[PDB]
Asks: 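Sharing a structure below in structure tokens format, with a few things to ask.
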Amino acid sequence: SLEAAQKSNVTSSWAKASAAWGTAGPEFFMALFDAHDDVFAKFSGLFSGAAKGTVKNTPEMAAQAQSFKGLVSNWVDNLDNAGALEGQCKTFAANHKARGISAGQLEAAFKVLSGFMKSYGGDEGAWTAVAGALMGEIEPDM
Ligand code: HEM
């Protein structure tokens with residue numbers, strides 16, 4: 001279900017993406033927003049109703065990229081600690097469910113992330129396995 005090699009790949013590839021997140025983070029969000037308009041719709045308050053092709057270089061996007069990195073870094077550092085993973089996922093699920101976000105939408109974010117990580121040496125099958133383990137902890141709380 002989640003092998004030692006899969007965890008090693010996720011950890012090492014995340015460390016490379018993390019080093020470049022200043023530029024990579026906004027590209028990941030744009031990829032997500034172009035593929036799923038229903039996800040971008042949930043960011044209406046943040047972006048003050050602006051069109052999707054204008055948001056990449058705003059301060060708001062830089063802030064969303066920083067929040068995203070901080071949570072994924074916590075998850076990746078605790079891949080052998082289910083108890084810590086569970087706790088972090090419960091908070092995350094509650095906050096997003098409160099905005100009307102669906103489990104399907106979160107899943108879409110993890111599927112875009114898995115392919116986006118190939119650029120940083122990520123094995124997409126490894127990132128899909130880690131997304132599956134985390135969604136099994138998030139989904140029931142949505
Ligand atoms: C793996 C997926 C994701 C991660 C790591 C992530 C992480 C976070 C974090 C750490 C925060 C700040 C804490 C909080 O207020 O909840 C945040 C806020 C937010 N996230 Fe997510 N997120 C994910 C997916 C999503 C998806 C798919 C959507 C929309 C459909 C979304 C919409 C939001 C919104 C609207 C906020 C508040 C923005 C603002 O400050 O106004 N996030 N997310």
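Numbers for residues simply follow the sequence, beginning at 1. Every heavy atom of this structure was used, including side-chain atoms; hydrogens, water molecules and symmetry mates were not. Whatever order the structure lists ligands and atoms in, that order sets their numbers, starting from 1.
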Asks: Quick one: side chain to side chain donor-acceptor pair (under 3.5 Å) partners of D80, sequence neighbours excluded?
Replies: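 Applying side chain to side chain donor-acceptor pair (under 3.5 Å) to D80 gives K7.
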Asks: Note down each nitrogen or oxygen pair, ligand 1 side and protein side, whose separation is under 3.5 Å; give only atom names and the distance to 0.1 Å.
Replies:
residue, atom, partner, partner atom, Å
ligand 1, 15 (O), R99, NH2, 2.8
ligand 1, 16 (O), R99, NH1, 2.9
ligand 1, 20 (N), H96, NE2, 3.1
ligand 1, 22 (N), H96, NE2, 3.2
ligand 1, 42 (N), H96, NE2, 3.0
ligand 1, 43 (N), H96, NE2, 3.0

Asks: Would you say that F116 contacts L32 through its side chain, given a criterion of any heavy-atom pair below 4.5 Å between the two side chains?
Replies: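 Result no, sub-4.5 Å side-chain heavy-atom pair not found.
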Asks: Do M61 and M30 come close enough that some side-chain heavy atom pair is under 4.5 Å?
Replies: yes
Asks: Report yes if the side chains of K90 and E86 come closer than 4.5 Å at any heavy-atom pair, otherwise no.
Replies: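 Yes; the side chains approach each other to less than 4.5 Å.
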Asks: Do the ring centers of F92 and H96 come within less than 6.0 Å of each other?
Replies: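 So the answer is yes for these two rings.
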Asks: Can you find a pair of side-chain heavy atoms, one from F47 and one from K52, that are under 4.5 Å apart?
Replies: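 Answer no - side chains too far apart.
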